[PDB]
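Structure, as structure tokens:
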């Protein structure tokens, strides 16, 4: 169900944030008293040639995951590594979040978006968490999500 899938996204973000910190030890993850992720700090979200980390996060969480980098010249976020694939089988690296995404305005305000969102034409249940640097600027996004059709096929 919708509420069940959205509630699960908190667990997927814990998987993504802890794995990110192990791959990049110079990052920082602040955890809330209840064990959920509070804040992710990464000064520079890099470009990726190897995508084993994001596929590990996808396999462990059982859904999809993405790390965005903020491009100030575009005023948009670029998928630098992701488990999401295009219809031709290629990795959806290099695509943008888009200013029309429901996660765009919350992320820009430094807020975490939890709810439905469209990703390259497909509807998902998502969580989008902003990635900060040590100066407080929003430098990226840490995302996890599952296709609504996948949630629905299990209910069907």
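Taken together, the values in this text are just the output of simple stated rules run on the coordinates, not laboratory data.
Counting every Cα pair in the chain, what percent are over 26 Å apart?
Counting every Cα pair in the chain, those more than 26 Å apart make up 18 percent.
May I have the pair-distance distribution P(r) for region 79-156, computed from all Cα-Cα distances with 5 Å bins from 0 and rounded to whole percent?
With 5 Å bins starting at 0, P(r) equals 3, 14, 23, 25, 18, 10, 5, 2, 1, 0.
For n ≥ 4 DSSP H runs only, could you compute -39500 (n - 2.57) per run for the chain, divide by its residues and tell me the 222 nm figure to the nearest 500?
Rounded to the nearest 500, the figure is -9000 deg cm²/dmol.
How much of the DSSP bridge set in region 1-135 is antiparallel, in percent, rounded to the nearest 5?
Looking only at bridges with both residues in region 1-135, the antiparallel portion is about 90 percent.
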